[PDB]
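Heavy atoms only: backbone and side chains are in, while hydrogens, waters and symmetry mates are out. Order of appearance sets the numbers: ligands from 1, and atoms from 1 within every ligand. Below, read A as the first sequence line, B as the second, and so on, with proteins coming before strands; counting in each chain starts at 1.
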2 protein chains.
Amino acid sequence: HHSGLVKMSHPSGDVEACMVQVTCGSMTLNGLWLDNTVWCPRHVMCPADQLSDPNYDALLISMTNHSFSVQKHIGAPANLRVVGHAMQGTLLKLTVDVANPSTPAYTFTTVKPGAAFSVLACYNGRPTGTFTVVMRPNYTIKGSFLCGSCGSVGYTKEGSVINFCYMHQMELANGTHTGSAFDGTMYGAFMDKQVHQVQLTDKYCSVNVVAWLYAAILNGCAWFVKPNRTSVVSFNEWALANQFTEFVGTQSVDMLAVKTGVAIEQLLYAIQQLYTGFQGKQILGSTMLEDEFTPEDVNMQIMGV
Amino acid sequence: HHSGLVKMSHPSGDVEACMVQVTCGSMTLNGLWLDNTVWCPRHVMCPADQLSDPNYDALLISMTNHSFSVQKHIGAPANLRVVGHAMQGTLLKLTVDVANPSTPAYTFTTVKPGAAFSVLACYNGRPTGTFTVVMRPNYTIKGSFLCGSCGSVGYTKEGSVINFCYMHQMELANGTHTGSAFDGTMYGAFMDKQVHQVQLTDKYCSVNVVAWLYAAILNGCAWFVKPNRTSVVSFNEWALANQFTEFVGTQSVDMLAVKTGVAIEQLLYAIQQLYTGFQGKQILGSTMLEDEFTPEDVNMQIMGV
Ligand SMILES: *[C@H](O)[C@H](C[C@@H]1CCNC1=O)NC(=O)[C@H](CC(C)C)NC(=O)OC[C@@H]1CCC(=O)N1Cc1cccc(Cl)c1
Ligand SMILES: *[C@H](O)[C@H](C[C@@H]1CCNC1=O)NC(=O)[C@H](CC(C)C)NC(=O)OC[C@@H]1CCC(=O)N1Cc1cccc(Cl)c1
Ligand SMILES: [Mg+2]
Ligand SMILES: [Mg+2]
């Protein structure tokens with residue numbers, strides 16, 4: 001029995017119309033064109049012989065408006081003249097002489113661990129694929145990015161407003177990925193330098209495991225539900241010793257509790273038991289806990305909220 | 001260690017610009033507007049009191065051009081006047097008086113079991129999400145569709161050409177989904193009537209399991225590779241008794257064999273052993289065989305082909 005859950009991304013068209021290619025010297029990557037600004041990773045300025053220890057302040061001062069080439073390829077092709085440049089943290093803000101006529105309503109936000117967002121993967125300013133990820137507790141994502149993908153963007157959508165939350169920068173040794181928010185800060189403790197870096201421990205996202213257990217109940221799969229309960233405070237002490245995030249309830253989780261009649265604390269107890277082993281049973285076709293679906297995913301995809 | 005694989009859909013913008021809402025009486029669902037034609041499921045003509053045994057021939061003859069309302073909501077809003085109507089299998093072909101100015105280059109094709117395609121889920125003519133599925137051996141997909149989603153479309157893309165392959169029609173009792181190709185045939189033995197239907201057995205897609213094992217090797221995970229080999233003919237006899245599809249090699253699989261230096265027949269042997277149990281080990285974080293990634297997915301996402 002299929003749960004009705006899939007990895008569901010936002011439709012990408014509004015963001016596709018904002019992707020451009022940015023070239024500086026021998027480096028090329030993607031940028032995001034909104035109004036008269038093009039955002040891109042600052043390492044586009046870095047020659048390959050300096051990627052391990054760039055002096056971005058000196059690289060910035062070495063630039064002229066003539067140093068940057070910006071091109072839009074699809075739909076409404078254009079070469080965009082750069083008329084100013086500035087650095088914000090790990091991003092460049094290029095000012096261009098044409099305002100993007102397809103600029104959507106937008107904001108910039110930071111995404112938190114456990115929350116999902118959609119990514120538009122792009123190469124040479126051309127969108128090639130879209131996928132959804134959850135921000136991990138260690139501020140990486142389990143993405144799919146190759147050389148040339150930097151400047152690919154991640155976003156959520158509220159109504160017609162696009163909330164841009166991620167610009168892709170790097171791949172870590174364990175195959176995960178990280179990038180910057182549009183305030184220019186890297187997620188986590190990462191730096192935009194080509195050196196090996198400490199990656200913090202990942203953890204199971206407890207709130208998302210709870211969501212998935214609710215999805216199981218909504219599909220008639222409830223063998224793991226017992227009268228037994230663990231309080232949020234007690235579960236959270238356990239979580240710290242067992243590589244789980246501390247649980248913080250939300251209205252979205254509460255809606256699942258009301259619909260199913262199963263209390264959060266019943267599922268916190270179930271998690272503690274299931275973490276020790278599923279005893280040969282499956283939940284929604286899985287023999288391990290799943291944390292890649294959010295309470296909102298379950299509310300939207302199964303309950304049609 | 002993350003494999004670098006995600007469920008990767010095509011960018012959806014070109015298809016978003018083709019989605020419309022179609023209403024006939026009390027029924028509303030989605031349609032696809034290409035050139036001067038709008039395709040939609042024929043059950044838009046059916047009143048709720050007849051969904052279990054519609055007489056579609058009589059329903060069709062009962063229609064006039066005045067029976068259909070077609071509306072485009074996003075981007076370039078429009079009410080489209082219907083000037084003709086016809087039925088092709090389980091689809092209606094409505095002729096409208098305006099050609100869609102955003103019609104992409106396109107073809108219609110049928111997708112085969114094991115192959116992946118992208119879906120644009122829509123409600124009331126408004127795109128709401130995108131996801132990717134593989135056509136199952138029993139001609140269902142494991143999608144995410146609710147009331148109002150019929151007429152949502154699935155497609156692949158070759159260069160700039162969109163190959164439309166699926167129009168959504170129904171949900172089966174086990175939570176999976178099916179629909180029609182654009183020749184109007186339903187996938188499988190299904191009928192577009194609101195009655196319970198025999199669903200054929202699903203099977204593991206052997207070629208996709210092979211692909212995933214190659215993805216594991218490309219990530220340094222090869223504990224399951226031994227000198228032992230099973231021939232394609234021998235594996236295929238085994239597959240018939242063990243709920244696997246028969247294996248048919250392709251150039252895409254051969255590219256993985258060349259890159260890794262591991263023969264297909266080594267992985268056919270591994271599958272037979274792994275099907276009996278993983279012995280407490282994991283492959284790419286999983287304790288069961290994975291068949292939801294294609295050889296092309298692995299070539300593109302990991303090898304950048
Ligand atoms: C931008 O297009 C790419 C995207 C990468 C390429 C492969 N997949 C991706 O997601 N980004 C990079 O190439 C960055 C650029 C720096 C300036 C941020 N480099 C990168 O990710 O490689 C270095 C990474 C940094 C963390 C780490 O562990 N790295 C490996 C490493 C460390 C030290 C030396 C070397 Cl040669 C590699
Ligand atoms: C179109 O928007 C919907 C999409 C569905 C709704 C829920 N999720 C979806 O994917 N399609 C339908 O409602 C179809 C319409 C018919 C005319 C094709 N109906 C449908 O899928 O429900 C009936 C299905 C058919 C196979 C089956 O097992 N069904 C259950 C069933 C059987 C007999 C009677 C009843 Cl009331 C339901
Ligand atoms: Mg990798
Ligand atoms: Mg369901």
Handout entry: contact_flag A:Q199 ligand 1 heavy-atom lt 4.0 Å
Key =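 Distance cut 4.0 Å: A:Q199 fails for ligand 1.
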Handout entry: Any A:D192 heavy atom less than 4.0 Å to ligand 1
Key =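 Yes, A:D192 has heavy atoms under 4.0 Å from ligand 1.
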Which atoms from ligand 2 have a heavy atom of [X] less than 4.0 Å away?
X      : result
B:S149 : 2 (O), 4 (C)
B:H177 : 10 (O)
B:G148 : 2 (O)

Please identify which atoms of ligand 1 are closer than 4.0 Å to at least one heavy atom of [X].
X      : result
A:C150 : 1 (C), 2 (O), 3 (C), 4 (C), 11 (N)
A:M170 : 10 (O), 21 (O), 25 (C), 26 (C)
A:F145 : 8 (N), 9 (C), 10 (O)

Exercise for the section: May I ask which of B:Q169, B:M191, B:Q194, B:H196 has a heavy atom nearer to atom 20 (C) of ligand 2 than the others do? Expected result: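 The nearest heavy atom belongs to B:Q194.
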Completion exercise
Of B:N30, B:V195, B:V198, the residue with the heavy atom nearest atom 26 (C) of ligand 2 is B:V195
Problem - Face-on cation placement of A:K7 at A:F293 ring, 6.0 Å and 45° thresholds - result: yes
Handout entry: side-chain contact (heavy atoms from CB on, under 4.5 Å) evaluation trace for A:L92 with A:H85
Key = CA-CA 7 Å; A:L92 294 176; A:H85 58 270; 6.0 Å; no
Problem - Qualifying salt bridge (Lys or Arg N to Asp or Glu O under 4.0 Å) pairs, either residue in residues 131-144 of chain A, two or more places apart - result: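 As it turns out, the salt bridge (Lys or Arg N to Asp or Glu O under 4.0 Å) pairs with a partner in residues 131-144 of chain A, which skip direct neighbours, are A:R136-A:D202, A:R136-A:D291.
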Problem - Test of ring centre spacing under 6.0 Å for B:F131 and B:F145 - result: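 Ring-ring flag for B:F131/B:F145: true, centres closer than 6.0 Å.
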Practice task
Give a yes or no on whether B:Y139 atom OH has more than 12 heavy-atom contacts from other residues, nucleotides or ligands under 6.0 Å away.
Solution key: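 It does not: B:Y139 OH has 12 such atoms or fewer within range.
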Completion exercise
In this structure, NE2 of A:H10 is separated from OG1 of B:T130 (nearest 0.5 Å) by 12.0 Å
Exercise for the section: Quick one: look at B:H168 and ligand 2, take heavy-atom pairs under 4.0 Å, and tell me if it's side chain, backbone, both or neither. Expected result: side chain
Exercise for the section: Evaluate the ring planes of A:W39 and A:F182, with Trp represented by its six-membered ring, and classify them as parallel (under 30°), tilted (30 to 60°) or perpendicular (over 60°). Expected result: perpendicular
Handout entry: Residue list, side-chain hydrogen bond (donor to acceptor under 3.5 Å, both in side chains) with B:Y166, at least two apart or on another chain
Key =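 B:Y166 satisfies side-chain hydrogen bond (donor to acceptor under 3.5 Å, both in side chains) with B:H168 only.
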